[PDB]
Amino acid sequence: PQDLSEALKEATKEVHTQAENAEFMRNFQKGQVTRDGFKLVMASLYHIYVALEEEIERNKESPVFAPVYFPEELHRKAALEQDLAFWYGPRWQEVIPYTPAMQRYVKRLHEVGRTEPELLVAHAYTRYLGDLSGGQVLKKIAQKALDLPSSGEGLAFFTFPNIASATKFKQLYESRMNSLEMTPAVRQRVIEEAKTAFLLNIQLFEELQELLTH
């Protein structure tokens, strides 16, 4: 379609379903997730968002990203820091795993944010809008499956405090995406990059599943 947001959604339908079909994610949906599994996914998210938000700040004033810059509404790094301090303890920075699959994702994020800025929107879109609109169902499952204490912490990642209405913010963000000016060629690369984002998540899930079944 003409609208980039609508174009992205349609192009990534296949891969998104592929992501839902991933073994690790299948179990997740079937309410089957363990503490070790959830810890691994949280650590992954921490690394992914550290890299993504590092690159967003580097290109926040660029006309190729500025229109979709919503730092207060979307930042997740601080939330994950809080969360990992719960899951891995006070020395979490020293013990959280940083696997090859995580490194491949982080590496693509830095390359994009450093040499192909116009493609950063593909990752911001995939991560932010994906986690926001899907957070509810993912958290619901997690908390009833993890049976954690009334600690009052460990899942801050699933709540975007600076966003009163998810649906409302989503349409705003989409509107801003469709306001972005880019050559047909770039537009194609952004759509491709979005598919690449899903592939990076899929290989991540495959790796985490592998680490948990020994």
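Note that residue numbering follows the sequence shown and begins at 1.
Here 200-208 and 12-20 are compared by their mean Cα B-factor, and 12-20 comes out higher.
Stretches 103-111 and 135-143 differ in mean CA B factor, with 135-143 having the higher one. In this entry, the residue among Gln32, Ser165, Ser44, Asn162 with the greatest C-alpha B factor is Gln32.
In the PDB entry, the Cα temperature factor peaks, among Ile56, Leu40, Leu155, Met182, at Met182. Among the modelled residues of the chain, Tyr49 sits in the lowest third by CA temperature factor in this PDB entry.
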